[PDB]
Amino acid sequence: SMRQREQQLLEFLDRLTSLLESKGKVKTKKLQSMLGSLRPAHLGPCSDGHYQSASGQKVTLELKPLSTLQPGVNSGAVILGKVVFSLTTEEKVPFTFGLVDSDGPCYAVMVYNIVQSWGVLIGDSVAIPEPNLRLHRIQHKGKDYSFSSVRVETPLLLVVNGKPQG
C-alpha cells in the first residue's frame, strides 16, 4: 500500500518523466521555432563578465549545452533553454519546468524557496548560472525513475527572457 504523501509524489514523478520524454507534447515545428528564438542576449547579466559568484568572487561564465552538465555545481558555466512545460506537486514544492536548448533531450528544473509570486511560461527563455545538476535514481514502492534535475535554490538566481529575476 501507499500513504498519501508518497502516492502524490510518485504521481508527480510519473507525470514529470512522461513530460520530459514528450518535451511537453510540444510539436516538432514549434520546438524548432522556440529554439530558433534563443538569443545570446537572453543570458542577461550572466554574459557581463562581472557576474558575482554565490561564494563571493566576480567570475566570467561560459554558455554550455544542458547535455554537457556534470553532476553537482557546474562552476563557470551557464545554460540557456526554452520552457516546454511546468508542473508541481500537491504540496506546491518544487516549481518544476522542462527546458530544451537543442534537438536533444529535455532537462527538468526544480525551483525552491518561492516566497513571492513567481512562475514561467511555456516558450520563455530561462538562463541558469552555475547550475546544480542532481542525477536521481529513485526506486520506491515497485516504481523506478532515472532522470536529472537542476536544483535552483531561489528564483532570484534565474534570468527569464533576458531579465534577471532578482
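Don't overthink the numbering: it's just position in the shown sequence, from 1.
**Q** Tell me which stretch has the larger mean Cα B-factor in this entry, 121-129 or 100-108.
**A** Per the PDB record, 100-108.
**Q** Taking the mean of the C-alpha B-factors per stretch from the entry, tell me the winner out of 154-162 and 8-16.
**A** Mean CA B-factor is higher for 8-16.
**Q** Identify, among 54, 115, 43, 66, the residue whose C-alpha carries the highest B-factor in the deposited PDB entry.
**A** It is 54.
**Q** Using the B-factors in the PDB entry, rank residue 72's C-alpha atom against the chain and give the third, lowest, middle or highest.
**A** Middle third, going by the recorded CA B-factors of the chain.
**Q** So where's residue 137 on the chain's Cα temperature factor ranking, which third?
**A** Its C-alpha B-factor, which the entry lists for residue 137, ranks in the middle third among residues of this chain.
**Q** Taking only the Cα B-factors deposited for this chain, tell me whether residue 149 sits in the lowest, middle or highest third.
**A** It belongs to the lowest third of the chain when residues are ordered by C-alpha B-factor.
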